[PDB]
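A.B. asks:
Chains as they are written, first to last, in the authors' numbering: chain D, 1 to 106; chain A, 334 to 369, 373 to 526; chain B, 1 to 116.
#1: Taking the alpha helix (DSSP H) that residue 418 of chain A belongs to, which residues open and close that run?
#2: I want to verify the contact list: residues of chain A whose CB lies under 7 Å from the CB of residue 31 of chain B, in sequence order.
#3: Checking 9 Å against the spacing of the C-beta atoms, do residue 111 of chain B and residue 23 of chain B come in under that value?
#4: Which one or two residues does DSSP pair with residue 371 of chain A in a beta bridge?
#5: Given this structure, state the Cα-to-Cα distance separating residue 8 of chain B from residue 17 of chain B, to the nearest angstrom.
#6: Any beta carbon from chain B within less than 9 Å of residue 59 of chain D's own beta carbon?
#7: Quick check: the region 19-33 of chain D against the region 334-346 of chain A, are at least 3 beta-carbon pairs closer than 8 Å?
#8: I'd like to know if residue 26 of chain D contacts chain A, where contact means its C-beta is closer than 9 Å to some C-beta of that chain.
#9: Would you say residue 94 of chain D faces chain A, with C-beta separation under 9 Å as the test?
#10: For chain B, find out if any of its Cβ atoms is closer than 9 Å to the Cβ of residue 45 of chain D; answer yes or no.
#11: Among residues of its own chain, excluding the 5 on either side of residue 87 of chain D, which ones have a beta-carbon nearer than 6 Å to its beta-carbon?
#12: Would you give the residue range spanned by the alpha helix (DSSP H) that residue 340 of chain A belongs to?
#13: Skipping 5 residues on each side, what residues in its chain have a beta carbon closer than 7 Å to that of residue 454 of chain A?
#14: Based on Cα-Cα distance, which residue from A:511, A:506 and A:478 lies nearest to residue 1 of chain B?
#15: Just to check my reading of the structure: residue 40 of chain B and residue 90 of chain B have Cβ atoms closer than 8 Å, yes? What is that Cβ distance to the nearest angstrom?
#16: With a Cβ-Cβ cutoff of 9 Å, do residue 18 of chain D and residue 71 of chain D count as a contact?
#17: Identify every residue that forms a DSSP beta bridge with residue 105 of chain D.
#18: Would you verify that the beta carbon of residue 417 of chain A is, or is not, closer than 9 Å to some beta carbon of chain B?
#19: Beta strand (DSSP E) containing residue 518 of chain A: first to last residue?
#20: Do residue 524 of chain A and residue 392 of chain A count as a contact pair if the criterion is CB distance below 9 Å?
#21: Of all the CB atoms in chain D, is at least one closer than 9 Å to the CB of residue 24 of chain B?
#22: State the CB to CB distance for the pair residue 380 of chain A and residue 447 of chain A, rounded to an integer number of angstroms; the pair is presumed to be in contact (CB under 8 Å).
#23: If you drop the 5 nearest sequence neighbours on each side, which residues of the same chain put their C-beta closer than 7 Å to that of residue 397 of chain A?
#24: At least one CB of chain D closer than 9 Å to the CB of residue 9 of chain B: is that the case?
#25: Check the DSSP bridge columns for residue 91 of chain B and list the partner residues they point to.
#26: With 9 Å as the C-beta to C-beta threshold (strictly closer), list the residues of the region 401-413 of chain A near chain D in chain order.
#27: Using a Cβ cut-off of 7 Å, pull out every chain B residue sitting near residue 455 of chain A, in sequence order please.
#28: For the beta strand (DSSP E) containing residue 378 of chain A, list its first residue and its last residue.
#29: If you check the beta carbons only, do residue 507 of chain A and residue 441 of chain A fall under 9 Å apart?
#30: Listed in chain order, which residues of the region 496-526 of chain A have Cβ atoms closer than 9 Å to some Cβ of chain D?
#31: Looking at the unbroken beta strand (DSSP E) that takes in residue 38 of chain D, where does it start and where does it end?
#32: Apart from the five residues on each side of it in sequence, which residues of its chain come closer than 8 Å, Cβ to Cβ, to residue 499 of chain A?
#33: Considering residue 428 of chain A, what are the terminal residues of the beta strand (DSSP E) in which it resides?
#34: Report buried or exposed for residue 517 of chain A, applying the criterion of at least 16 other Cβ atoms within 10 angstroms of its Cβ.
#35: Under 8 Å: does the beta carbon of residue 392 of chain A sit that close to some heavy atom of the ligand HEM?
#36: Ignore the nearest five residues each way along the sequence and tell me which others in residue 526 of chain A's own chain have a CB closer than 8 Å to its CB.
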């Protein structure tokens with residue numbers, strides 16, 4: 001099972017404009033990674049699939065880019081709604097392993 | 334007399350797994366001395385050590401390109417995306433499967449998108465059934481109407497083939513030989 | 001009407017059996033790749049099982065032989081029967097629309113299963 005490690009355990013930014021979350025794989029995934037956001041007490045919401053493609057309804061502030069082992073998710077302006085937990089999932093191999101999760105604070 | 338295995342194995346351009354290329358072979362001596373790099377050779381129901389000295393009626397050579405992780409699905413009684421919706425072997429399959437890595441030929445730096453696989457299919461596939469249709473899949477009650485929107489997606493997904501990818505995701509050229517013995521006088525005799 | 005609604009969770013003594021239901025609207029479960037994904041309290045997600053449109057089923061290595069995924073086309077429901085439940089199965093379970101066998105585009109509200 002490809003192990004997905006997220007380098008910052010917690011990330012504490014003011015509601016201004018910056019964010020960066022990194023996901024690292026033990027062996028290469030080749031842009032077969034997805035980013036979900038879980039607000040507290042709510043179901044996860046899909047944001048990015050294919051490591052660079054947005055899904056329906058998520059605004060332009062969410063972007064992602066990576067290939068091989070290192071993948072990144074960045075937020076343009078950190079609006080107050082984006083302070084939640086984010087998960088990186090892989091689909092390159094079986095099964096679909098998730099990361100430990102990274103929680104964004106104020 | 335020589336059986337045309339040279340065209341089958343050393344083909345320059347292979348076809349996608351959703352439309353796999355079938356070649357019939359008869360009326361030639363079948364000599365497997367030709368099958369002599374790093375490849376996988378799995379024979380089901382026959383002794384591979386004496387395929388040269390084994391005389392049957394027809395040979396069916398089916399060629400398709402798949403990922404390395406999907407090579408194990410080309411086997412009897414296997415379930416998976418390739419097995420269910422692209423290419424299925426029967427339970428009582430008398431033949432052999434030959435797969436070899438082809439990263440040198442079927443990969444480019446920009447990415448190879450000439451190969452496609454069927455992802456969305458309503459029913460399973462019967463053994464040696466070929467599904468060529470490209471009609472939009474209905475994943476909801478709303479009609480697709482010939483348009484690919486929400487809950488209506490194209491059934492064929494391209495492969496991403498790059499040289500820098502891992503071994504599992506690299507392109508593998510798979511040739512499966514199906515041997516048929518008939519009551520009619522056989523004409524494939526090594 | 002893209003909603004997925006889960007039900008059937010509750011308290012269960014270990015080794016007991018519980019069946020989870022996922023009722024779907026505007027989704028044809030028979031024509032879609034359906035997934036069950038669970039989350040332990042204050043932990044990461046962990047995919048449990050997936051059923052293909054053709055009918056093929058796969059399960060996570062910790063739950064095969066005890067968890068069975070099924071579908072009923074008549075009421076458009078996705079069922080999950082879990083037998084011989086251990087204490088590590090506690091958590092919130094979600095039914096999800098897996099685009100192919102890649103990623104979960106949609107998620108249900110989730111229901112809580114507590115093993116004693």
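Built from N, CA and C at the ideal position, the CB exists for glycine as well.
C.D. replies: Taking the coordinates as given:
#1: Where residue 418 of chain A is concerned, the enclosing alpha helix (DSSP H) stretches over 417-421.
#2: What residue 31 of chain B touches in chain A, judged by beta-carbon distance under 7 Å, is 458, 474 and 475, going in chain order.
#3: No, these two residues do not count as a Cβ contact at 9 Å.
#4: The model contains no atoms for residue 371 of chain A, which sits in the stretch where chain A goes from 369 to 373 directly.
#5: When rounded, the distance between both Cα atoms is 11 Å.
#6: Answer no: the Cβ-Cβ gap between residue 59 of chain D and chain B never drops below 9 Å.
#7: Touching, no, given that fewer than three Cβ pairs across the two stretches are closer than 8 Å.
#8: Closer than 9 Å: no.
#9: Answer yes: the Cβ-Cβ gap between residue 94 of chain D and chain A drops below 9 Å somewhere.
#10: Taking a beta-carbon distance threshold of 9 Å, residue 45 of chain D counts as an interface residue toward chain B.
#11: Hits under 6 Å: 36, 98, 99 and 101.
#12: Residues 338-342.
#13: Its chain contains 351, 421, 422, 467, 491 and 492 as the residues whose beta carbon lies nearer than 7 Å to that of residue 454 of chain A, once the 5 sequence neighbours on both sides are disregarded; these appear in chain order.
#14: With distances taken between Cα atoms, residue 1 of chain B lies closest to A:478.
#15: Going by Cβ atoms, the distance from residue 40 of chain B to residue 90 of chain B rounds to 7 Å, so yes, they are a contact pair.
#16: Going by beta carbons, residue 18 of chain D and residue 71 of chain D fall outside the 9 Å limit.
#17: Beta-bridge pairing links residue 105 of chain D to D:12.
#18: Residue 417 of chain A counts as touching chain B.
#19: First-last for residue 518 of chain A: undefined, no H or E at that position.
#20: Their beta carbons are under 9 Å apart, which means residue 392 of chain A touches residue 524 of chain A by this criterion.
#21: Chain D, which has no Cβ nearer than 9 Å to the Cβ of residue 24 of chain B, makes this no.
#22: Cβ atoms of residue 380 of chain A and residue 447 of chain A stay farther apart than 8 Å, at about 34 Å.
#23: When the five nearest sequence neighbours on each side are left out, the beta carbons in the same chain lying within less than 7 Å of the beta carbon of residue 397 of chain A are those of 341, 356, 358, 511 and 513, in order along the chain.
#24: With 9 Å as the cut-off, residue 9 of chain B does not count as an interface residue toward chain D.
#25: Answer by DSSP bridge pairing, in chain order: B:113.
#26: In summary, the residues of the region 401-413 of chain A whose CB is separated from some CB of chain D by less than 9 Å are 405, in the order they occur in the chain.
#27: Within chain B, the residues near residue 455 of chain A are 100.
#28: That run of the beta strand (DSSP E) goes 375-380.
#29: Cβ atoms of residue 507 of chain A and residue 441 of chain A: closer than 9 Å.
#30: Answer set for the region 496-526 of chain A: 496, 498, 500, 501, 502, 504 and 505.
#31: Here the beta strand (DSSP E) through residue 38 of chain D covers 33-38.
#32: Sequence-distant partners of residue 499 of chain A (beyond 5 residues in either direction) whose C-beta falls short of 8 Å from its own C-beta, in its chain, are 439, 443, 444 and 445.
#33: Following the DSSP letters along the chain, one finds residue 428 of chain A in no beta strand (DSSP E), marked with neither H nor E.
#34: Flag for residue 517 of chain A reads exposed.
#35: Because no ligand of any kind appears in the structure shown, any question about the ligand HEM cannot be addressed here.
#36: So the list reads 362, 363, 364, 365, 387, 388, 389, 390 and 391, once near-sequence residues are dropped.
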